[PDB]
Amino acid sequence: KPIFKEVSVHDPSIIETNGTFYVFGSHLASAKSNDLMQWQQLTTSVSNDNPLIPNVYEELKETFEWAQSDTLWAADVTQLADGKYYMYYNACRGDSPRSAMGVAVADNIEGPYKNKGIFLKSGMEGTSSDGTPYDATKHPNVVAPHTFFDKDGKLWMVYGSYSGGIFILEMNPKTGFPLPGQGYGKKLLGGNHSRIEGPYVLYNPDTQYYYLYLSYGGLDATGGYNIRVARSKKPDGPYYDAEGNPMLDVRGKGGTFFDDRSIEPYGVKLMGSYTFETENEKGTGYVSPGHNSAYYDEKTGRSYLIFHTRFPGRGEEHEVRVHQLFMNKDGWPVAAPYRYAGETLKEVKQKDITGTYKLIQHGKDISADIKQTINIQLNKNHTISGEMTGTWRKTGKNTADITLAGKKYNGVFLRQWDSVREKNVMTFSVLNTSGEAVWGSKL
């Protein structure tokens, strides 16, 4: 039976290096795994005895002083062409975008990382990094980086949280710093203190798009955190959602803070809070899944979503989760309903599809409501009945083409492992053109 070993790394940023996977998150926390199922905790908090950066309060003194904090926010580590590992570290006071971002470099992934210096600040009283007065309604909070190479080998860094939005900078592949003269870089979306943070870019060679992953809402249990995605032919945009809305249009209304209403229409929503648990049956369930990264395995063509999540009834406790991603016929990813356990897409037979399913509809909102199941039946005659009606068909090996309440969804059928009930399950995971995700789990 599949074996899991859990770790707690908030805001996990995945990096594969020579056969081992690492996540680096906030609070200088980290963990590693060879199989994406059994993780080993390496570090958990900022202290002078954290081995990633010995004597961290001295090493990054300037950052802690600027940000007026004793911790660090969501890191990224990326290996550059020199073979070294570059940690983009950052800190924020937490009540305002009083923040600094810098880079430290290590010869080895587990450290020690040596400070090269701060290269961005936000929350100053005067002139900002772009030469104009700092204004949090339009300028970023300089936190939550993802430094990545595009398909052509050019180095970029996307970043941002709330404040003025999400930005992208061209980076120097020799030094790891931004190329000079860019200010905060190019704006991709956001503004007016929208609850959008934690950008992450993954190229998919098969669909020929860059996917920008984002977290909407707040991270806490009542915050409505959810994982969203948009895409572009270019790493620096313009990004669009499944309806063709430009992500650049996304922002809170002028003069407001945390205007969730205005932003919820934008982006494909892959996953929010849900539970498969009902009165007479245990099930998996997450609260506020988010701040993700993602990985594409060149060797197999498979993709994975890595994130932290809270859980129904566990308050603010969080753990790392990994779900496999599959691209649908329209070039959008759908997440496996259950965490990764070594499953792969296989031929699925119609005989194994028919039956009763628990259904989760993630919708398009930012909501603290934990989405619950309804029951539907996929019938032999290709109709769907029960608490919802529609139709289903299978294309090719495992492609799911499902209509529910007059909306057409596309995705996959996949037999998985349910780690709570400890049994195999037939699932589907599908997406419509409005970016609404539906998961089915067979009874």
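From 1 onward, residues are counted along the sequence shown.
> Out of 378 to 386 and 397 to 405, which one has CA B-factors that are higher on average in the deposited record?
Comparing averages over the C-alpha atoms only gives 378 to 386.
> Look up the CA B-factors in the entry and say which stretch, 293 to 301 or 269 to 277, has the higher mean.
Per the PDB entry, the higher value belongs to 293 to 301.
> If I read the C-alpha B-factors straight from the PDB entry, which of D249, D206, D260, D150 is highest?
Of the options given, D206 has the highest CA B-factor in the PDB entry.
> Looking at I15, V420, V9, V430, which has the biggest Cα B factor in the entry?
In the PDB entry, the greatest C-alpha B-factor among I15, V420, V9, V430 is found at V420.
> Would you mind ranking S163 by its C-alpha B-factor against the rest of the chain and naming the third, lowest, middle or highest?
Lowest third - that is where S163 ends up once the chain's C-alpha B-factors are sorted.
> With respect to C-alpha B-factor, does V425 fall in the lowest, middle or highest third of the chain as deposited?
Its C-alpha B-factor, which the entry lists for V425, ranks in the highest third among residues of this chain.
> Quick check on the deposited entry: does the C-alpha B-factor of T175 sit in the lowest, middle or highest third of its chain?
Ranked within chain, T175 CA B lands in the highest tercile.
> Going by the CA temperature factor in the PDB record, which third of the chain does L359 belong to: lowest, middle or highest?
Answer is middle: the recorded C-alpha B-factor places it there.
> Considering only modelled residues of the same chain, in which third does the CA B-factor of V56 rank: lowest, middle or highest?
Middle third by C-alpha B-factor.
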